[PDB]
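Atoms considered below: every heavy atom in the structure, side chains included; atoms not considered: hydrogens, waters and symmetry mates. Both counts, for ligands and for their atoms, begin at 1 and track the order of listing. Starting from 1, each residue takes its place in the sequence as its number.
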Amino acid sequence: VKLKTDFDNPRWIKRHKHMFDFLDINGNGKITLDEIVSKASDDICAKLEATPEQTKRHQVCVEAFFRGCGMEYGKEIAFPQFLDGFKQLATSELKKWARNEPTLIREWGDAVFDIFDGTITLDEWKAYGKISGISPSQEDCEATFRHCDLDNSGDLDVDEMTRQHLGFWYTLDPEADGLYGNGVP
Ligand SMILES: O=C(Cc1ccc(O)cc1)Nc1ncc(-c2ccc(O)cc2)nc1Cc1ccccc1
Ligand SMILES: [Cl-]
Ligand code: NA
């Protein structure tokens with residue numbers, strides 16, 4: 001995977017501004033850990049019918065990821081501060097990768113996989129995509145699967161999902177471009 005960072009790249013900034021606007025529910029230019037974790041647990045995990053343990057595992061992953069960006073409960077954050085937080089998460093994750101230590105994004109994927117499953121199906125991904133709202137388009141979910149290296153059953157394994165997302169969120173890896181079809185730039 002690309003390990004070199006590209007944090008000044010306008011396309012990398014744009015990718016995060018897209019995600020930030022997506023989590024900015026009321027469109028006030030701020031996001032909060034409170035609304036995000038509520039979305040993870042009270043909404044996504046509820047509709048997926050995750051077990052209480054599966055919900056909690058998913059919840060602690062979401063918390064760790066956004067706390068990695070400097071976020072905490074009861075505090076609003078604007079995009080530039082979030083972005084610098086995300087640069088700090090990104091380097092922490094890449095150092096973990098470089099040490100053969102599990103990343104937060106790997107752990108979150110394990111939590112997602114646990115709800116469904118060592119692989120997930122196109123229909124299962126489509127469910128997360130639509131329910132989380134990251135990728136409501138069936139065709140974009142289908143594009144994710146066309147993009148990724150799948151097993152002989154056409155299913156997605158956790159290591160492939162991990163390396164794609166490490167490249168997509170952290171390093172603007174050209175191999176990761178197109179991961180969400182048109183759903184996320
Ligand atoms: O989309 C997921 C689920 C997932 C997918 C692949 C993977 O390897 C691991 C996990 N997680 C995710 N992973 C990363 C981001 C994300 C990335 C960049 C950014 O600036 C903001 C959010 N968003 C999300 C969606 C989300 C869900 C619940 C609450 C908030 C957000
Ligand atoms: Cl909000
Ligand atoms: Na907001």
Report task. Specify which N/O/S atom of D24 comes nearest to the Na ion (ligand 3), by atom name. Result -> OD1

Query - Among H18, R106, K17, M161, closest by any non-hydrogen atom to atom 8 (O) of ligand 1 - result: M161

Query raised in the report: Against heavy atoms of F82, which atoms of ligand 1 measure under 4.0 Å?
Result: 20 (O)

Query raised in the report: Any side-chain donor-acceptor pair under 3.5 Å between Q138 and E142?
Result: no

Query - At the Na ion (ligand 3): angle between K30 atom O and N28 atom OD1, to 10 degrees - result: 90°

Query raised in the report: Do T32 and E76 have a side chain donor and acceptor closer than 3.5 Å?
Result: no

Query raised in the report: What protein heavy atom is closest to atom 20 (O) of ligand 1, reported as residue, atom name and distance in Å?
Result: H16 ND1, 2.8 Å

Query raised in the report: Do any of the N/O/S atoms of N26, backbone or side chain, fall under 3.0 Å from the Na ion (ligand 3)?
Result: yes

Query - Flag, side chain of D24 to backbone of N28, donor-acceptor distance under 3.5 Å - result: yes

Query raised in the report: If you measure only the distance, is there a donor-acceptor pair under 3.5 Å linking the side chains of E35 and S38?
Result: no

Requested in this report: Under 4.0 Å, heavy atoms only, figure out whether ligand 1 is touched by the backbone of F86, its side chain, both or neither.
Outcome: side chain

Report task. Please find out if less than 6.0 Å separates the ring center of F7 from that of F86. Result -> no

Report summary line: Output for pair (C61 SG, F66 CZ), nearest 0.5 Å, gives 11.5 Å

Report summary line: atom 3 (C) of ligand 1 sits nearest the protein heavy atom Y128 CE2, 3.2 Å

Query - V158 near ligand 1 by a heavy-atom separation under 4.0 Å - result: no

Query raised in the report: If you measure from CD1 on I77 to CG on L33, what distance do you get to the nearest 0.5 Å?
Result: 10.0 Å

Requested in this report: Using only heavy-atom distances, determine whether the side chains of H165 and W108 contain a donor-acceptor pair under 3.5 Å.
Outcome: no

Query raised in the report: Is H58 close to ligand 1, meaning an N/O of one under 3.5 Å from an N/O of the other?
Result: no

Query raised in the report: To which protein heavy atom is atom 16 (C) of ligand 1 closest, and what is the distance rounded to 0.1 Å?
Result: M19 CE, 3.7 Å

Report task. Please write down residue, atom name and distance for the protein heavy atom closest to atom 4 (C) of ligand 1. Result -> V112 CG2, 4.1 Å

Report task. Between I44 and ligand 1, find which residue part has any heavy-atom pair under 4.0 Å and reply side chain, backbone, both or neither. Result -> side chain

Report task. Show which atoms of ligand 1 fall inside a sub-4.0 Å distance from at least one heavy-atom site of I36. Result -> 29 (C), 30 (C)

Requested in this report: Answer yes when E107 and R57 have at least one side-chain N-carboxylate O distance shorter than 4.0 Å, and no when they do not.
Outcome: no

**Report entry** Contacting atoms of ligand 1, where contact means under 4.0 angstrom from a heavy atom of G109
**Finding:** 9 (C)

Query raised in the report: Between atom SG of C69 and atom CG of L83, what is the distance when rounded to the nearest 0.5 Å?
Result: 9.0 Å

Query raised in the report: For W108, is the nearest heavy atom under 4.0 Å from an atom of ligand 1?
Result: yes

